[PDB]
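This report concerns only the one structure given below.
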Amino acid sequence: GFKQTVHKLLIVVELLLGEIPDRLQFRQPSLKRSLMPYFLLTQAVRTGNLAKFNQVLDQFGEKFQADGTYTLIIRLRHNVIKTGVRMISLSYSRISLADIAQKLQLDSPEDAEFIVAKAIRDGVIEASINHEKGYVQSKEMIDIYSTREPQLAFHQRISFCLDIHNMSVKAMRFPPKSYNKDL
Amino acid sequence: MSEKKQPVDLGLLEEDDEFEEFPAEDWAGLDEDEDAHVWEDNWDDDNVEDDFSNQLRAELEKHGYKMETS
Amino acid sequence: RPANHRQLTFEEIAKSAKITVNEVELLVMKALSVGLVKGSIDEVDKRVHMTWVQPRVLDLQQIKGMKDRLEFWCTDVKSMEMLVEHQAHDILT
Amino acid sequence: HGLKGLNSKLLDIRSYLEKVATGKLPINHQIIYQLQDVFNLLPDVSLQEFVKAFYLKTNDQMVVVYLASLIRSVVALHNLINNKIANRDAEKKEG
Amino acid sequence: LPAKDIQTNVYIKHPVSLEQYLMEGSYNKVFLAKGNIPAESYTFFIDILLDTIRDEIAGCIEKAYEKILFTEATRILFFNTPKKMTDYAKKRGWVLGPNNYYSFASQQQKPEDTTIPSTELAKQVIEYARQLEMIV
Amino acid sequence: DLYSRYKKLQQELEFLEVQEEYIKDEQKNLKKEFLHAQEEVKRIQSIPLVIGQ
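Chains as they are written, first to last, in the entry's author numbering: chain V, 323 to 505; chain e, 1 to 70; chain a, 284 to 376; chain Z, 196 to 290; chain d, 122 to 257; chain D, 39 to 91.
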């Protein structure tokens with residue numbers, strides 16, 4: 323009954339990164355009714371339709387926009403295109419001028435490479451900016467560290483995991499002392 | 001403290017007082033087909049289902065016409 | 284050159300032996316046929332990788348460099364021994 | 196072990212380097228060529244090919260991590276159960 | 122700030138719309154919207170804001186991960202006044218090729234020799250014998 | 039008596055604090071003796087033997 327706030331704000335701040343995990347493993351008839359008005363828009367984030375969903379939000383929006391100051395939703399109204407272009411980063415490399423530009427509701431040469439470059443300057447993605455005949459290419463290498471500097475990759479994973487599991491070993495050494503303390 | 005849950009439960013009582021058993025039955029129209037089904041798969045099936053609810057829901061009957069045209 | 288990219292190319296062999304590029308394969312084949320060198324090169328573009336070899340006469344710059352690299356190895360093993368044993372003896376003993 | 200090699204090598208190469216410059220009465224200098232040869236048979240390998248070997252030995256390290264964490268987590272059963280069932284029952288039955 | 126005081130004036134929603142455009146980063150809408158501001162006398166201060174963000178916009182557009190051609194800098198950059206190619210030649214300190222901007226020192230770093238991380242792994246093993254066997 | 043309990047108690051602080059490294063020595067040494075006697079009674083069990091019923 324209380325975790326609907328940390329879960330609600332949790333998914334609200336999780337859908338900003340483009341990947342929004344819905345309610346999968348928890349079955350309780352409180353977060354369902356809490357998420358019923360938010361479900362249409364949190365499902366509408368991934369598709370990323372600007373003009374339609376812009377009217378869909380304020381259309382039936384009462385409580386999630388009446389929560390106050392509409393800050394993160396007024397940032398979401400222009401974050402739809404950033405999560406959409408991040409889905410383009412999860413999509414193929416070559417960017418066309420009509421197919422994918424018309425698909426992204428943005429048909430112009432300047433703002434295409436300009437806003438895509440605004441997504442490149444973030445640092446969360448990887449691209450190869452090259453201009454040979456006018457088209458903008460990208461290497462989009464999202465290959466994981468498998469056989470690519472593994473020791474430096476999961477080195478901190480081994481150190482941190484052994485630190486947490488080792489302080490858990492302390493957490494299984496001390497409670498036995500708190501057991502044998504009285505006898 | 002466990003005492004701050006009371007006003008949140010009052011907000012849940014207000015949400016329950018908005019519609020009286022309207023989302024339970026109206027949403028139960030789909031829950032009767034969703035009951036006892038793994039809700040982990042209902043996120044993908046509901047994702048593609050709601051994604052195709054606008055247009056090109058089935059699209060398999062149209063491929064037979066799209067073979068000669070594309 | 285004992286270290287620092289021992290890998291080389293046939294340009295130094297052909298330049299020092301004033302021989303063409305067609306005979307360097309027979310030259311290294313004879314070098315491997317004598318048995319004084321065991322060098323096997325996995326190159327694609329022409330390269331010359333070598334292995335164990337014996338001077339058999341003398342080298343003074345390799346005596347001084349032997350003292351340099353030898354003292355360096357000794358002080359590095361000593362540095363690792365004092366480093367690991369320093370706190371290791373205090374925490375484990 | 197580092198002292199076990201440190202006293203030997205450090206104890207030998209000092210008189211060795213002394214007899215290099217201050218030596219006569221041939222000490223079989225012929226074997227010195229094999230000495231420095233074998234010493235130069237490891238010319239500071241760049242470790243480029245052995246990276247995958249560090250991935251193998253470090254993967255075995257990960258196996259030891261999972262064995263230690265999981266097995267110790269199994270050992271925590273009897274301790275983290277007896278600590279409760281013994282203390283609360285001895286306390287509730289003490290008086 | 123959304124205290125619902127007026128909410129209908131262009132100056133109340135101007136900073137949040139300009140800051141949201143800053144989150145988008147689109148400079149064409151700001152330049153085309155320069156003449157949309159009314160006779161309100163803070164337009165020169167808006168030009169001061171553009172003067173203090175032009176270093177970040179021009180700095181981010183000239184990141185040059187691989188390479189960029191001058192034909193895009195003609196439109197994206199400011200007017201034909203050679204202030205950017207002069208000040209940025211003494212600020213960035215890069216090479217000027219045949220009407221092209223070259224990018225060096227990009228993903229040129231050589232990987233490690235695996236010697237130092239092996240030493241810190243040995244120290245981590247020392248800490249593993251420490252924490253695993255300290256109370257004993 | 040009221041203010042003397044501090045400095046008088048400090049002697050108990052030292053007397054109880056001195057037992058830390060002591061119980062460290064006992065817990066580190068008596069397990070070494072435990073593996074000494076453990077391997078000593080383990081090596082008694084020899085392979086050459088007679089089989090009964």
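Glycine included, each C-beta is placed from N, C-alpha and C at the ideal position.
- Is the CB of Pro123/d under 7 angstroms away from at least one CB in chain V? Within the fifth sequence, numbered from 1, the residue matching residue 123/d stands at position 2. Yes, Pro123/d counts as interfacial toward chain V.
- Rounded C-alpha distance that separates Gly348/a from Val233/Z: For the purposes of this step, residue 348/a is taken as the residue at position 65 of the third sequence. For the purposes of this step, residue 233/Z is taken as the residue at position 38 of the fourth sequence. Between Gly348/a and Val233/Z, the C-alpha separation is close to 15 angstroms.
- Message: Using the three-state DSSP reduction, which class does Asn130/d fall into: helix, strand or coil?
- Response: Within the fifth sequence, numbered from 1, the residue matching residue 130/d stands at position 9. Reduced to three states, the DSSP call for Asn130/d is coil.
- Message: Pull the bridge partners of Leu291/a from the DSSP assignment, please.
- Response: Along the third sequence, read from residue 1 onward, the residue named residue 291/a stands at position 8. The partner list for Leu291/a (beta bridge, DSSP) reads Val331/a.
- Take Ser239/d as the anchor and find which of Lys199/Z, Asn202/Z, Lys219/Z, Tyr250/Z has the nearest alpha-carbon. Stepping through the fifth sequence from its first residue, residue 239/d is reached at position 118. It is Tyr250/Z.
- Query: With a cut-off of 7 angstroms, does the C-beta of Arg251/d fall near any C-beta of chain a?
  - Reply: Counted from its first residue, the fifth sequence places residue 251/d at position 130. It does; some Cβ of chain a falls within 7 angstroms.
- Compare the Cα-Cα distances from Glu140/d to each of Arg397/V, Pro351/V, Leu353/V and report the closest residue. On the fifth sequence, position 19 is the one that residue 140/d refers to. Closest option to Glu140/d, Cα to Cα, is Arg397/V.
- Examine chain d for any beta-carbon lying closer than 7 angstroms to the beta-carbon of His453/V, and answer yes or no. To locate residue 453/V, count along the first sequence from 1; it is residue 131. Yes, because at least one Cβ of chain d sits closer than 7 angstroms to the Cβ of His453/V.
- With DSSP run on the structure shown, which of helix, strand or coil describes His63/e? Locating residue 63/e in the second sequence gives position 63, where the first residue counts as 1. Here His63/e sits in helix by DSSP.
- Message: So, for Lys188/d: in the same chain, excluding its five sequence neighbours on each side, which residues have a beta-carbon less than 8 angstroms away from its beta-carbon?
- Response: As a first step, residue 188/d is located in the fifth sequence; it is residue number 67 there, counting from the start. Taken in chain order, the residues that qualify are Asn221, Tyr222, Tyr223, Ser224.
- Can you give the Cα-Cα distance for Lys298/a and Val307/a, rounded to whole angstroms? Taking the first residue of the third sequence as 1, we reach residue 298/a at position 15. Taking the first residue of the third sequence as 1, we reach residue 307/a at position 24. The straight-line gap from Cα to Cα measures roughly 11 angstroms.
- Cross-chain neighbours of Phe324/V in chain e, by beta carbon under 8 angstroms: As a working note, residue 324/V is residue 2 in the first sequence. Ordered by position in chain e, the residues that pass the 8 angstroms Cβ test against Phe324/V are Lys4, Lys5, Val8.
- Message: Please report the straight-line C-alpha distance between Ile296/a and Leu319/a, rounded to a whole angstrom.
- Response: For the purposes of this step, residue 296/a is taken as residue 13 along the third sequence, with counting starting at 1. For the purposes of this step, residue 319/a is taken as residue 36 along the third sequence, with counting starting at 1. Rounded to the nearest angstrom, the two C-alpha atoms are 17 angstroms apart.
- Task: With a threshold of 16 other CB atoms inside 10 Å of the CB of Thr217/Z, please say whether the residue is buried or exposed.
- Result: Start at 1 with the first residue of the fourth sequence, and residue 217/Z comes out as number 22. By the 10 Å Cβ count, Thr217/Z comes out exposed.
- Bounding residues of the alpha helix (DSSP H) (the contiguous stretch that carries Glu58/D): For the purposes of this step, residue 58/D is taken as the residue at position 20 of the sixth sequence. Its alpha helix (DSSP H) spans residues 57-80.
- Task: Return no unless some Cβ of chain Z is closer than 7 angstroms to the Cβ of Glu326/a.
- Result: Taking the first residue of the third sequence as 1, we reach residue 326/a at position 43. Chain Z contact via Cβ: absent.
- Message: Once the 5 residues before and after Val304/a are set aside, which same chain residues still bring their CB inside 7 angstroms of it?
- Response: On the third sequence, residue 304/a is found 21 positions in, with the first residue counted as 1. Counting only Cβ-Cβ distances below 7 angstroms, and skipping sequence neighbours, we find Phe293, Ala297.
- Alpha carbon to alpha carbon, how far is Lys199/Z from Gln229/Z? Give it in angstroms, no decimals. Here residue 229/Z is taken as the residue at index 34 of the fourth sequence, counted from 1. Here residue 199/Z is taken as the residue at index 4 of the fourth sequence, counted from 1. Answer to the nearest angstrom: the Cα atoms are 24 angstroms apart.
- With distances taken Cα to Cα, identify the nearest neighbour of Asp465/V among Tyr360/V, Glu448/V, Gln350/V. Stepping through the first sequence from its first residue, residue 465/V is reached at position 143. The residue with the shortest Cα to Cα distance from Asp465/V is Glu448/V.
- Item | Interfacial residues, the stretch 230-257 of chain d to chain Z, with Cβ spacing under 7 angstroms | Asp234, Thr235
- Identify, in the order they occur along the chain, each residue of the same chain with its Cβ nearer than 7 angstroms to the Cβ of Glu435/V, setting aside the five sequence neighbours on each side. To locate residue 435/V, count along the first sequence from 1; it is residue 113. These residues qualify, in order along the chain: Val458.
- Message: So with CB distances below 8 angstroms, who are the chain V contacts of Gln256/Z?
- Response: Numbered from its first residue, the fourth sequence carries residue 256/Z at position 61. Near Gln256/Z (Cβ distances below 8 angstroms), the residues of chain V are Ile480.
- Message: Buried or exposed, going by whether 16 or more other CB atoms sit within 10 Å of the CB of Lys425/V?
- Response: Here residue 425/V corresponds to residue number 103 of the first sequence, with the count starting at 1. Classification of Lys425/V: exposed, given that the 10 Å Cβ count is below 16.
- Task: Would you identify the three-state DSSP class for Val233/Z, choosing helix, strand or coil?
- Result: Looking up residue 233/Z in the fourth sequence gives position 38. In the structure shown, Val233/Z sits in a helix (DSSP, three-state: H, G or I).
- Alpha-carbon spacing of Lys361/a relative to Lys350/a, whole angstroms: By one-based count along the third sequence, residue 361/a stands at place 78. By one-based count along the third sequence, residue 350/a stands at place 67. Cα-Cα distance, rounded: 16 angstroms.
- Message: Against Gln370/a, what residues of chain d qualify as contacts under a CB-to-CB distance less than 7 angstroms, listed in chain order?
- Response: As a first step, residue 370/a is located in the third sequence; it is residue number 87 there, counting from the start. Near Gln370/a (Cβ distances below 7 angstroms), the residues of chain d are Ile247.
- Query: Between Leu212/Z and chain a, is there a C-beta pair that is closer than 7 angstroms?
  - Reply: Position 17 of the fourth sequence, counting from 1, holds the residue named residue 212/Z. It does: the Cβ of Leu212/Z has a partner Cβ on chain a nearer than 7 angstroms.
- Going along chain Z in order, which residues have a C-beta closer than 7 angstroms to the C-beta of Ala300/a? Against the third sequence, residue 300/a aligns to sequence position 17. Simply none; closest approach about 24 angstroms.
- Determine the direct distance from the alpha carbon of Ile256/d to that of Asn254/Z, and round the result to whole angstroms. The residue labelled residue 254/Z in the question sits at position 59 within the fourth sequence. The residue labelled residue 256/d in the question sits at position 135 within the fifth sequence. Spanning the two alpha carbons is a distance of roughly 28 angstroms.
- Query: Can you tell me the Cα-Cα spacing of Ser241/Z and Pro219/d, whole angstroms?
  - Reply: Your numbering for residue 241/Z matches position 46 in the fourth sequence. Your numbering for residue 219/d matches position 98 in the fifth sequence. Looking at the two C-alpha atoms, the distance is approximately 39 angstroms.
- Query: Between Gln326/V and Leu353/V, what straight-line distance do the alpha-carbon atoms span, to the nearest angstrom?
  - Reply: Here residue 326/V refers to the residue found at position 4 of the first sequence. Here residue 353/V refers to the residue found at position 31 of the first sequence. Each residue's alpha carbon lies about 6 angstroms from the other.
- Query: From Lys204/Z to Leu353/a, what does the alpha carbon distance come to, in whole angstroms?
  - Reply: Mapped onto the fourth sequence, residue 204/Z falls at position 9. Mapped onto the third sequence, residue 353/a falls at position 70. Approximately 10 angstroms, taken between the alpha carbons.
- Counting contacts by CB-CB distance shorter than 7 angstroms, is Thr469/V in contact with chain d? The sequence position of residue 469/V within the first sequence is 147, counting from 1. No, because no Cβ of chain d sits closer than 7 angstroms to the Cβ of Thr469/V.
- Measuring CB to CB, does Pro238/Z end up less than 7 angstroms from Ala314/a? On the fourth sequence, residue 238/Z is found 43 positions in, with the first residue counted as 1. On the third sequence, residue 314/a is found 31 positions in, with the first residue counted as 1. Result no, Cβ atoms of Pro238/Z and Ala314/a do not sit closer than 7 angstroms.
- Under a three-way DSSP split, which group does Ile374/a fall into? Residue mapping note: residue 374/a aligns to position 91 of the third sequence, counting from 1. Looking at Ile374/a - three-state DSSP - the assignment turns out to be helix.
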